[PDB]
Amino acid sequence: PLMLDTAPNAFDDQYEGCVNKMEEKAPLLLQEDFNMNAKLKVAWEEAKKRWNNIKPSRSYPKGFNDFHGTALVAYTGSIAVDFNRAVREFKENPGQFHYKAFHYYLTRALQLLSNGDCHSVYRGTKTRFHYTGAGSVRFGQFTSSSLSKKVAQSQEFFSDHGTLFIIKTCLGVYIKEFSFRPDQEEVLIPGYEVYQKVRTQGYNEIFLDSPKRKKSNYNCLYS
């Protein structure tokens, strides 16, 4: 069982005040991330091809480019596990975060696609989570959820040994049209969204509500 807390160790950069500076530096950093992360490089190359195929479909916000589209696609792929891990364990080993540009492009993609809408989403896990007992909570790492309770409860993500999160998010973004799995009806939640209302329901259900944006512990770290 894992604890549901404020994720004090997670890299949670919101890039406040350095968007343009990161835009300029991220291309070089992306290349550095690849040199330090061969798997990431493979995952990005795969995502780039998928993105080249899907983008002609619709339009995107002002400023949204191939880096943002490819990062989102790539997140719905195999690189997710390691990336979420690195983000989660950031404070414990800062010199091993080989996702400097990746994290930026993914964060910015979510920021660009976000409007003020809130969604009712669900997230299932194989690992049981326990609320610490006090204070608001945060996931820290980017967090996948679904509009479909059936998807979140599916054998793919959930089990009686884990937890089903029932969530009301207002920073989450519907990214179905980017995913390698459109069927999952995914809503991607930034790790910096805080839930001021936490209620445990039964042994495997946790209700998260009263979502709020909250200043991060890290800001423009690699700018």
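Residue positions are given as counts along the sequence shown, with the first one as 1.
> Comparing 121 to 129 with 85 to 93, which stretch shows the greater average C-alpha B-factor in the deposited entry?
Between 121 to 129 and 85 to 93, it is 85 to 93.
> Which has higher Cα B-factors on average according to the PDB entry: 177 to 185 or 53 to 61?
Result of the comparison: 53 to 61.
> When you compare the CA B-factors of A152, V137, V73, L113 as listed in the entry, which one comes out on top?
Highest CA B-factor of the listed options: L113.
> Name the one of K168, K41, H68, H161 with the greatest CA B-factor according to the PDB entry.
The record points to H161.
> C-alpha B factor of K21, ranked within the chain: lowest, middle or highest third?
Top third by C-alpha B-factor.
> What third of the chain does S216 rank in for C-alpha temperature factor, lowest, middle or highest?
For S216, whose C-alpha B-factor we compare with every modelled residue in the chain, the answer is the lowest third.
> Would you check the entry's CA temperature factor for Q14 and let me know if it's in the chain's lowest, middle or highest third?
It falls in the bottom third of the chain.
> Using only modelled residues of the chain, where does the Cα B factor of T200 rank: lowest third, middle third or highest third?
Ranked within chain, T200 CA B lands in the lowest tercile.
> Per the entry's values, where does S148 land by CA temperature factor relative to the rest of its chain, in the lowest, middle or highest third?
Within its chain, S148 is a middle-third residue by C-alpha B-factor, going by the deposited values.
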